[PDB]
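Here is the structure we will look at.
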Amino acid sequence: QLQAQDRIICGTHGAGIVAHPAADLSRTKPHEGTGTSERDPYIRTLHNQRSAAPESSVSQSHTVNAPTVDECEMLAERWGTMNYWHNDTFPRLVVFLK
Amino acid sequence: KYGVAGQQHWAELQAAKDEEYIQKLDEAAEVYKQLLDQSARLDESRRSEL
Amino acid sequence: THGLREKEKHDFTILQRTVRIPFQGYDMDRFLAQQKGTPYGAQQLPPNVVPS
Amino acid sequence: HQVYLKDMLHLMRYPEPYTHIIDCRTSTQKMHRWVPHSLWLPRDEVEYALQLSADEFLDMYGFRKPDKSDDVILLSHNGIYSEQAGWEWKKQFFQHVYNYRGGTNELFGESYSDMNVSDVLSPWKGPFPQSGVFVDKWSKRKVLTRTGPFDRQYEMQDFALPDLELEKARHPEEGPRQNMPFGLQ
Amino acid sequence: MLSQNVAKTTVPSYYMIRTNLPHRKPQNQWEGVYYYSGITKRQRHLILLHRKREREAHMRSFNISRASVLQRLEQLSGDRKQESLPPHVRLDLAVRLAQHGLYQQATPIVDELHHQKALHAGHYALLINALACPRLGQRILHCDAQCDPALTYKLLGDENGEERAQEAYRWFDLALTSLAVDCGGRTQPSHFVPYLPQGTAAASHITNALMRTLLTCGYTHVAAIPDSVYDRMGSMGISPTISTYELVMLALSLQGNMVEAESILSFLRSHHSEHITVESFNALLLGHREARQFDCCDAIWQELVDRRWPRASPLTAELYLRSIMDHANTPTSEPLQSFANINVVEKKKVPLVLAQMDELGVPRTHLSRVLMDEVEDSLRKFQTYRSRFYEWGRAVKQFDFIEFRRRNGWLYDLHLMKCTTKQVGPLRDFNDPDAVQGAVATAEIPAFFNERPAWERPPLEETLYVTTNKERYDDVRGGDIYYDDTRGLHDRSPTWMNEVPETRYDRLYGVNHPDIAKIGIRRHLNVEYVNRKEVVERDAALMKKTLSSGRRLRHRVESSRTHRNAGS
Amino acid sequence: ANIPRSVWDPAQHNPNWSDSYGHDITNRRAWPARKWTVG
Amino acid sequence: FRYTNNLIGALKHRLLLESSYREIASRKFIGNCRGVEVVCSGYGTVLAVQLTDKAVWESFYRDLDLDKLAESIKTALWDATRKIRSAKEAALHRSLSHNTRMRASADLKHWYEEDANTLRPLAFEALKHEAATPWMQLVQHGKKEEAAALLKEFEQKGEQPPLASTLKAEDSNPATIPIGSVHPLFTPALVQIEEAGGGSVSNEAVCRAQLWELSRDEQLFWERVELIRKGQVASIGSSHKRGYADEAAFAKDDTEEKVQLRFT
Amino acid sequence: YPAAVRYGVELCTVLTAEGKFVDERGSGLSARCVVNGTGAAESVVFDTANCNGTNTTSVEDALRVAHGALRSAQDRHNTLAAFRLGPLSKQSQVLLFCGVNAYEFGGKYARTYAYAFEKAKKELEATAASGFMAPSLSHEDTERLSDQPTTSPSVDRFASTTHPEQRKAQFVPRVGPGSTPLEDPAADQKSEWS
Amino acid sequence: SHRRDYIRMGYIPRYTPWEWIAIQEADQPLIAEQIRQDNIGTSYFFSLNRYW
Amino acid sequence: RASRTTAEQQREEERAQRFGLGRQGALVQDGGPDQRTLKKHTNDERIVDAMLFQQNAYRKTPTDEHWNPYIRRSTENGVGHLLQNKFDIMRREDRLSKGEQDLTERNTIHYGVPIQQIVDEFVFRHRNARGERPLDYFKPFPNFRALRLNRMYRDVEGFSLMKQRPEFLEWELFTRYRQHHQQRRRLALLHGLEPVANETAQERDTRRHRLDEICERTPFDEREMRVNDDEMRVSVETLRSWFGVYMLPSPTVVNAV
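Chains as they are written, first to last, in PDB author numbering: chain P, 30 to 49, 69 to 146; chain C, 204 to 253; chain X, 258 to 309; chain Z, 63 to 247; chain L, 1 to 568; chain Y, 11 to 49; chain W, 3 to 64, 97 to 192, 218 to 323; chain U, 972 to 1165; chain B, 1028 to 1079; chain F, 361 to 617.
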């Protein structure tokens, strides 16, 4: 819901709510930085590991999506619920009969 | 007048005052140690006087 | 070793008190583009510096 | 840190380009042999030697001053003067300062002593020193500390000798301790 | 004698009866029970010696095998060079040479066989697989790969993989030509020429062998497998197989690309069920371990536990266990390293996965020796039984632990031995300064919580100064029973010259700039002795004239309008 | 992993999670009872 | 200790590289492109160029397509050179990965320093080595006894890599490289310690050099200490020094000093 | 000197030469080719204008003339490199030969260098024997205490090898990551996994 | 660790940080039989007539 | 020659002055030859020697203290020691050239500062962050939405251009549009025509067309409209009178358009 969240929360050091003679050729510890600019903050608030959005809480076995070409090809072998076969949108029994 | 510059200048003044009081406290500690040594000598002399 | 680097970090920390949240605009992409001067009609000429 | 006789022999057989072996033996009248790959730096003058600059050290001691990063091995008669020199060097913040505690006595079979310190301490004469009197911080009761007449050095000395015959000769035939009661031995 | 045996008990007096002071400190609720999970400094030497001996035995076995194959080559090809060796004998000799890492010797044999048409569809794939040096890989795994299958591919590629890769490509092209010829010969009346030999199963087997042997050539060929080889297979029309897909997954995992490696297995899962083996799962585990995705590695392991088919192999168990070990042996950053290393807790789940291995049927003894050593360390650190729990933490055991700590000189973290001599006062606020405060509760919190700023502290205090904390012998009404005396490392007696032997520097008598060159022995030691004072003075005298050269009057001539006037 | 990534990963950030002071200030506030001219 | 360990690691690396060079120079590298194969030795010199199969390639090359043939030949030569360079770089990688003394130095530089452009087998040095006679090859590679025997016998009496009569399979063994041949850069200086006959080190030469240096250093040390003593005696008075006392931590024991004496 | 030789070898590596060959049998076709100095070729071409009205040459003749052109180009480049690097190499040879005393392999340190070379050979042979895995820097895998070298880090150097609080490198004991001891680690603490 | 007002200003946390959680969990070992696992079944004629 | 030697002397003298090299006065003092007077925040040769000693007192190799994995895998100085094979080196260089994160930099676990912690620090430094809190936070009973902070959410996209301070009633028109879209999505959920996961362009167009058909005939719900902090309760007829009917059209206007 947050606008531009990929660069405000997941991309910006300090989540965008922080402001931004350092020597050159200096090895700094990964937990901090020189502080020259936003890309090199005094304290790095972004992790160096892999990022991943939380696993979707949307039910997967209940939502009925549009039928694909491969799904139509394998429709005869595939099983399904009665609601799957007589779905309100994109019924599968009609596709099987066709 | 100065949101951060005034804070830093007052910090400098406070640091100067703290440094002066720190050196004064070091002098006080030195004189207190000398007083402790004097008291120890006086107590030893009083013990051995008899 | 003198420690003025962590003094710089502490000065940044105490400066963060007086800051306030910047205004990224309602349309953030539009606002960032306007700041960059990229959209049509948003070009601003640099000030005419006096010659030496 | 320590340096051993095997290390010294290895260095003698194969010298290294930047390993300085410093001889701290003073009183050159008592010095008679030359340690291999060794430069003489007197222990009495080491304090000023470390203060001297590179050229000031070179023109004063005949050889260039080893740098901090270079390891320096200190040899003396018994290791006492060399150990004090190592203390001076480490106070002057040299990185690798090793001391050969075997010394000239082990390396050449000499009996010269640099300090001639008597390990045995003379028996205490006089009262207990008031500097060792301790008082508790609650009841203001004065107690004693292991100093002066009652010293751990005095306990280490006057102890049972490692030799059974020597201890039996030290004590009379009746027993080791007999002036004390039966339950105090 | 060590300066950590502080006298916790006070001097005996009437206070111990008159006051309600406790005679011991209360037990620390959040202090763990001491238990012994260390190494005697000799078991490590023993295990290192055992590992070295096993490694030497493996090297000896490989050297014996390689000497045998070299002797067979010398006595077969070098001897009967004129004699026409049987095609199968030449094929097996070439396969052995390729497997033992000798690609140079085998190449002419296979070239001669291809020229003589002795090679066939299965034989090309066999030669390509032999080119991967399985025996060399088996040697290096137990000798210098630390029994790491992931590192085995890298080392085998470093074993001159570029030449092997080029030979594999050439053999693949020759195999394609031979398959085309054979299909044309066999399918003459069936009119199926245009779909062959790419439609045949032999082409799939040969390209699978090519990719499998390219996996052990280098980073370039491993990365080129799914980027170039897979696309070439698709363009030619060779149907991929489960081995092809798993080799692509392994190549992507070695590259570190995990999104594509998950995508291909997702395609297999959605379309080709009852065709997936444990190779895909262990390839994903290896890739996540390489890419530092231990959470994903654990998720894949849990999924494999949930779905019993396909069965978990010892390779899969080893991969997951060493991924756990790598996760546990990884440091955090400085803010998280304030107290201790927190990733060590990752070894506490090793018994859980061992129990899961026992439930699944995975042998515990079918693991590598180094991983077994790490597993034994983890079990020693986080493993106990009810029998040992019923008697651990006895008073004698705890005090023996304390005695071990005293002998090793580490008494800082022991509750019964630690003594807090320093205390922290309050901070007076500039607002409302007329109110005094008081303590309500006392906690032993570490020093770094309230450590003074670095700039408000002498730099390099630890080495520049020596600070000793000791108790005052005299009675103090105000307090501060234990005070710290700080003396500079370079502190000297004020009359230092009087208690030192007389030296040769006393002539200087405190002059700021002594003539050390004049008083040194080097001047007499050497003959020439260029002197700095002399050279400086000589250079100044020689260079003053160039520094100040001066000016001269220049004659001026009246400039005529039509010419230039001359002069003499 | 012994530390769920839903506590440090910004990709799993909780928008609805307020700060540690606003709720305490609000539920400490005791509004004046003279909303109406009578009672 | 640091110097010795670093020198041992560097010498092991150089030995590995020299063995790799000796094993690579006596090898064949074949580049194939569209039926035209170019075989080159370990030094990059082209040994042969020939058509693999005439029946299947003459029709493809057609008169004759000189453009196609030249492009194929150039491609084959480039592939062969790529193979040679890759082999040398892979040997370097094996040495770096198997060496731990160098690994103790946490420097990525060593992986790029001696890359696949400055190793011992060099194309622009191929002619000076491969075109040489067997005696020249032996003396360059450091086979003192072999060269001496060849000189005494042969000269008195009267498609394959040329550098193969000297660089054999056993030469690739690490326990064969002479001290004067392990380091090509310092060869003219290292040849001095190596004995005239045999690649082994003659201990007599190094012992004599060390003895001469030790004698010079001992005499110089004695002169220095004599001068220092003379200067110290001159700068002080009587030829004696004030004693040095141990600080220790024992009590002063000055009770007897406090006692005075008066007269009645 | 090492910088000079590296500059020379890199420059000769990147510089390219040219060579031409003419057939002396049958048709008078010729080829010309350039060599980059690594042994490869950037361009090889044939000239057919000089050829008469036959066009009967076969593939083997073209291959032979191309091989001859390649050989000529390689020899040309080798001679060019020799002429480029000659004087520097000779001056370096005489410098190295006559300035051994100003080196680690000349004078009192030649014996040290020879000993280091011999021990490096022995250690490489041991590594080859032990599965191409180097022995531990501190000789912890040695079965005998007489096999560890004097220079090996196995031997301790701390004074007071028995009493703690004195087996430390610096003036004050230090700690590593967290609060673990640093001056003298334990066997279980010095884990060398992976 | 970053907090400097832990008890000086009375900043007592009501939630134990994950670092302390990990330290306290890793301090103590795990009971091996604390995990439940069985597939053979129950010893009908044994598991009660064991050694004394 | 004079210029060269003077340049060398000047460089040495400036370095010595900057780092305070050399003894501080007389070489032979009564109280020992080493008498240094340290000053606060000043450079000194003793300080430089002490820091070098602390770094490398008895260091034989840079990896001397790498016996433990936590020290060994540190990424402060670099990844040179972590890299050990050419395969890893090539993988790292390929990742760097492609722009993705280097795998070797993951050898050190670095959790950053959680967003909750950042917000807590911000609020603590800003004394409840009263300047950033919404006005509803100061109402009697705020909920979590008006209790968390003031951000910008994905509901202002694709509206009339609005400056830092929007013009008169423009924000109210925006709130009306937001309520209109909320009712539109409520109608879409009530009927069919839900946005499905894998929908092509044709399916999306048909769904959107049918949703528009079914929504053009459904009256707007007046009750669902609400004001947040200070939005003036303005009627649809008033908004039409101000901005023109085309902004909030009637069904006849929609049909005519």
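C-beta atoms are modelled at their ideal positions from N, C-alpha and C, and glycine is treated no differently.
- Closer than 8 Å to the CB of residue 1040/B there is not a single CB belonging to chain L.
- Distance from the Cα of residue 121/W is smallest, within the candidate group 29/W, 41/W, 318/W, 184/W, for 29/W.
- Burial is judged here by how many other beta carbons sit within 10 angstroms of a residue's own beta carbon; residue 1006/U has at least 16 and is buried.
- Selection 114/Z, 135/Z, 64/Z evaluated against residue 99/Z yields 135/Z as nearest (Cα-Cα).
- With its beta carbon less than 8 Å from one in chain L, residue 286/W belongs to the interface.
- Listed in chain order, the positions of the region 1096–1130 of chain U with a beta carbon within less than 9 Å of a beta carbon of chain Z are 1120, 1121, 1122, 1126, 1127, 1128, 1129, 1130.
- Between residue 1094/U and residue 14/W the beta-carbon gap is near 6 Å, inside 8 Å, which marks them as a contact.
- Taking 4 residues as the shortest admissible run, the region 34–75 of chain L contains the following complete alpha helix (DSSP H) segments, listed from N- to C-terminal end: 43–73.
- Assignment of residue 576/F by DSSP, reduced to helix, strand and coil, places it in the coil class.
- Residues of chain W with a Cβ closer than 9 Å to the Cβ of residue 370/L do not exist; the shortest Cβ-Cβ separation is about 16 Å.
- Three or more Cβ pairs closer than 8 Å define a contact, and the region 103–112 of chain W meets that threshold against the region 33–50 of chain W.
- Comparing alpha carbon positions, the residue from 261/L, 415/L, 543/L closest to residue 283/L is 261/L.
- If only complete runs of 4 or more residues are kept, the region 395–462 of chain F shows the alpha helix (DSSP H) at 405–416, 429–432, 446–458, in order along the chain.
- Scanning 1159/U, 1154/U, 1027/U for the CA closest to the CA of residue 417/F turns up 1154/U.
- In the three-state scheme derived from DSSP, where H, G and I count as helix and E and B as strand, residue 135/Z is classed as strand.
- Segment contact: the region 130–147 of chain W against the region 1015–1031 of chain U, fewer than three CB-CB distances shorter than 8 Å; contact not assigned.
- Taking all protein chains shown into account, residue 304/W has fewer than 16 neighbouring C-beta atoms within 10 Å of its C-beta and is therefore exposed.
- Straight through space, the alpha carbons of residue 1052/B and residue 467/F are spaced by roughly 23 Å.
- Rounded to the nearest angstrom, the gap between the Cα atoms of residue 1012/U and residue 983/U is 15 Å.
- The alpha-carbon of residue 279/X is positioned some 20 Å away from that of residue 295/X.
- Annotation: Cβ neighbours of residue 206/C in chain X (cutoff 7 Å, chain order): 275.
- Between the beta-carbon of residue 121/L and that of residue 182/L there is about 7 Å, and that keeps the pair under the 8 Å contact cut.
- Within chain C, the residues 207 have their CB atoms less than 8 Å from the CB of residue 272/X, given in chain order.
- When DSSP reads this structure, residue 116/L sits in no beta bridge, so it has no partner.
- Between residue 161/L and residue 237/L, the C-beta spacing is not below 8 Å.
- For residue 1001/U and residue 246/L, the gap between their C-alpha atoms comes out near 53 Å.
- Not flagged as an interface residue toward chain Z: residue 306/W, since no C-beta distance is shorter than 8 Å.
- Taking 8 Å as the CB threshold, residue 280/X stays off the interface with chain P.
- Contact between residue 283/W and residue 521/L is confirmed by a C-beta separation of about 7 Å, below the 8 Å threshold.
- Between the beta-carbon of residue 357/L and that of residue 317/L there is about 6 Å, and that keeps the pair under the 8 Å contact cut.
- The region 373–385 of chain F makes no contact with the region 224–231 of chain C, as fewer than three CB pairs between them are under 8 Å.
- With a threshold of 16 other beta carbon atoms within 10 Å, residue 167/L meets it and is buried.
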